[PDB]
Amino acid sequence: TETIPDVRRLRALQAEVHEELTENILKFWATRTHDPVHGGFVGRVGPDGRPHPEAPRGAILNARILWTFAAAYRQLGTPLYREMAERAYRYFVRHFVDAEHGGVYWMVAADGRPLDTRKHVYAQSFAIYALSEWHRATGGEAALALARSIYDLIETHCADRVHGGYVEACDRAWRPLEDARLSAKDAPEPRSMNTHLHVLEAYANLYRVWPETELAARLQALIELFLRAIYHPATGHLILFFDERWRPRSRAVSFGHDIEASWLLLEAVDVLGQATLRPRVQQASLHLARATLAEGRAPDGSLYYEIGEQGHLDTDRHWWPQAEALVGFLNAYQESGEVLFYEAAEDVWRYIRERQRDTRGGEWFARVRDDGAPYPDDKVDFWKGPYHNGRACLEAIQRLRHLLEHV
Ligand SMILES: O=C[C@H](O)[C@@H](O)[C@H](O[C@@H]1O[C@H](CO)[C@@H](O)[C@H](O)[C@H]1O)[C@H](O)CO
Ligand SMILES: [Cl-]
């Protein structure tokens with residue numbers, strides 16, 4: 001009773017995805033973004049494709065570059081990907097890693113000088129995620145050891161052992177900050193789903209290479225936090241911001257976060273080997289997936305951005321929700337066997353190919369308006385790396401590979 005797309009469609013999609021990753025995404029990053037003046041990678045590329053070697057450089061972006069090239073190398077073996085990953089790692093370790101207090105600085109000047117020394121848990125997570133993947137790809141012990149130390153700092157300095165979860169920002173010396181906002185866009189609240197999602201993601205990847213008992217407990221406690229506090233069963237959306245006791249302090253809905261958490265939650269529970277908890281996760285995850293399917297999609301299959309605090313639907317197509325839906329809908333299909341999820345995956349991909357992709361300038365447009373008009377946003381900046389789209393492509397290729405083997 002398996003309803004599965006025929007081999008031709010499965011393979012056709014997988015080839016376009018592979019082509020997109022290697023010939024557009026990873027090609028753009030390998031050639032436009034390496035910086036030969038300060039080493040490492042540029043912190044910004046404007047809409048016209050101009051790299052900015054003197055732009056300030058965020059840890060998150062640089063961790064994302066590291067993760068993506070490391071992941072691509074592990075799965076595809078292209079020596080250039082290791083080389084690019086190595087370039088990212090060296091700069092990262094030299095300049096972003098705080099050798100005195102531990103963890104990674106928020107932002108450095110292009111030459112490497114600390115510019116914003118705060119220790120944000122979101123950035124610490126991406127560091128762990130990236131270092132753990134580099135370790136997976138190469139077996140480097142320093143990367144793993146650095147990954148472990150950052151974990152230790154988060155638990156030591158940020159863990160709320162009364163209420164679950166984490167204080168999200170500290171100063172350089174690991175003293176809690178009042179303002180935990182990632183940006184001006186975020187609510188001034190003590191807890192955010194966004195930051196806790198990436199702790200989970202980081203910890204799940206670290207657990208792959210360091211299956212330590214206490215990490216397992218921390219990982220499971222985050223999954224449990226998501227099921228009991230962040231995921232809303234009545235709506236099928238993640239609540240975005242909370243106080244310290246996880247009381248909702250927000251009503252906005254973010255479709256891209258929903259669909260990302262949908263597959264991440266499952267990956268995390270399966271990394272953990274937690275069979276007793278898996279049914280509840282699969283249920284929350286399929287719900288997240290359906291809710292996005294029902295409420296977050298334009299008629300062309302692409303995802304809207306969010307519903308704001310006042311209820312306003314932002315219809316802009318940002319690059320990363322499309323990427324995350326690609327994986328989230330393929331995952332929902334693998335989990336439930338319902339082919340409507342496959343069709344949704346195909347719809348979003350066609351949108352990516354037809355609208356999101358910047359064919360002229362390479363890579364993907366950050367934002368596309370509801371009328372199909374691309375905004376003249378930066379191609380690369382603090383918040384736009386190769387991770388969402390690079391990962392989405394790697395995941396889809398591997399997931400399609402498994403489906404193909406149903407024959
Ligand atoms: O997985 C989801 C991500 O964490 C998103 O939150 C990221 O989006 C960026 O979020 C920040 C903080 O809210 C915004 O200031 C920024 O404009 C968004 O692009 C996603 O990784 C994209 O960077
Ligand atoms: Cl990214």
Side-chain angles (χ1 to χ4, degrees), residues 21 26 29-30 34 39-41 57-99 101-105 119-156 197-220 222 263-264 267-273 385-388 390-395 397-398:
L21 179 63
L26 297 180
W29 287 90
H34 61 34
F41 293 82
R57 297 183 185 187
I60 294 157
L61 166 61
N62 279 265
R64 287 177 182 182
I65 296 166
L66 179 55
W67 182 89
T68 300
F69 280 120
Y73 175 67
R74 190 174 46 81
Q75 295 170 231
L76 302 189
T78 310
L80 166 71
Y81 303 159
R82 193 199 170 100
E83 175 181 334
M84 289 292 106
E86 183 89 37
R87 187 186 184 88
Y89 173 81
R90 288 178 164 281
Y91 190 100
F92 201 71
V93 161
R94 204 160 56 243
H95 304 298
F96 284 107
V97 175
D98 187 347
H101 297 281
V104 297
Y105 296 118
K119 295 296 162 53
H120 202 294
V121 169
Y122 186 103
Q124 310 310 306
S125 299
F126 265 93
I128 291 164
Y129 185 56
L131 296 167
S132 54
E133 190 71 16
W134 179 234
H135 175 76
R136 286 180 82 187
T138 67
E141 277 301 341
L144 179 51
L146 184 46
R148 285 186 279 109
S149 81
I150 292 162
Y151 160 74
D152 284 328
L153 292 159
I154 297 167
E155 297 298 333
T156 293
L197 187 69
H198 294 278
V199 178
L200 178 81
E201 165 192 74
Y203 281 12
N205 213 50
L206 184 64
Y207 193 81
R208 293 196 189 260
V209 296
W210 183 48
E212 204 246 354
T213 314
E214 168 74 331
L215 175 56
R218 303 313 279 144
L219 184 46
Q220 172 178 323
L222 265 159
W263 71 271
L264 174 54
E267 183 191 355
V269 68
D270 291 343
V271 150
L272 194 58
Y387 142 88
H388 285 292
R391 177 172 66 176
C393 286
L394 292 161
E395 285 280 338
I397 294 163
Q398 288 305 324

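The basis for the numbers below is simple: all heavy atoms, side chains too, and nothing from hydrogens, waters or symmetry mates. Count residues from 1 along the sequence.
- For the pair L144 and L131, the minimum side-chain heavy-atom distance is 4.5 Å or more.
- Pairing each heavy atom of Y81 with each of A72, the nearest pair is CD1-CB, 3.6 Å.
- Taking each heavy atom of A71 and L394 in turn, the nearest pair found is CB-CD1, 3.8 Å.
- Nearest heavy-atom pair, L61 versus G385, reported as atom, atom and distance to 0.1 Å: CD1-CA, 3.7 Å.
- Looking at residues two or more places apart in sequence or on another chain, you find no side chain to side chain donor-acceptor pair (under 3.5 Å) involving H135.
- Considering all non-hydrogen atoms of both residues, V271 and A204 come closest at CG1-O, 3.4 Å.
- Between the side chain of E133 and the main chain of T68, no donor-acceptor pair closer than 3.5 Å is present.
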For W134 and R82: C-alpha separation, side-chain torsions, deciding distance, then whether side chain to side chain contact (heavy atoms under 4.5 Å, CB included) applies. CA-CA 9 Å; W134 179 234; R82 193 199 170 100; 4.1 Å; yes

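- Residue pairs meeting the side-chain hydrogen bond (donor to acceptor under 3.5 Å, both in side chains) criterion with at least one member in residues 137-154: none, sequence neighbours excluded.
- Once rounded to the nearest 0.5 Å, the distance linking CG of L215 with CG of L206 reads 5.0 Å.
- Here salt bridge (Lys or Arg N to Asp or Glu O under 4.0 Å) pairs that include residues 197-209, with residues two or more places apart or in two chains, are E201-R391, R208-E267.
- One side chain, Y105 or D98, offers a donor N or O that lies under 3.5 Å from an acceptor on the other.
- The closest side-chain heavy-atom distance from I150 to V97 is not below 4.5 Å.
- Using a cutoff of 4.0 Å between basic side-chain nitrogens and carboxylate oxygens, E86 and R90 are scored as salt-bridged.
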Quick one, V121 with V199, criterion side chain to side chain contact (heavy atoms under 4.5 Å, CB included). Give me CA distance, side-chain angles, the key distance, then yes/no. CA-CA 8 Å; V121 169; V199 178; 3.5 Å; yes

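- To the nearest 0.5 Å, the span separating OH on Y207 from OG1 on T213 amounts to 7.0 Å.
- The shortest side-chain heavy-atom distance between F96 and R57 falls under the 4.5 Å cut-off.
- Between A63 and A127, the shortest heavy-atom distance links the atoms CB-N, 4.1 Å.
- If you look at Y387 and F126, their ring centroids are closer than 6.0 Å.
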Side chain to side chain contact (heavy atoms under 4.5 Å, CB included) between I154 and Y203: does it pass, once the steps are laid out? CA-CA 11 Å; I154 297 167; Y203 281 12; 3.5 Å; yes

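- In this structure, the separation between CD1 on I60 and CD on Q124 is 9.5 Å, given to the nearest 0.5 Å.
- In this structure, CD in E212 is found 12.0 Å from CG in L219, a value given to the nearest 0.5 Å.
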Evaluation steps, side chain to side chain contact (heavy atoms under 4.5 Å, CB included), between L26 and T78: CA-CA 11 Å; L26 297 180; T78 310; over 6 Å; no

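- At distances below 3.5 Å, not a single donor-acceptor pair connects side-chain atoms of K119 with backbone N or O atoms of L153.
- Minimum heavy-atom separation, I128 to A202: CG2-O, 3.9 Å.
- Separation of atoms CD1 (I65) and NE2 (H34) is listed at 12.0 Å; rounding is to 0.5 Å.
- Atom-to-atom distance recorded for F92:CZ and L146:CG is 7.5 Å, nearest 0.5 angstrom.
- Remark: the backbone N or O of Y129 is paired with a side-chain donor or acceptor of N205 at under 3.5 angstrom.
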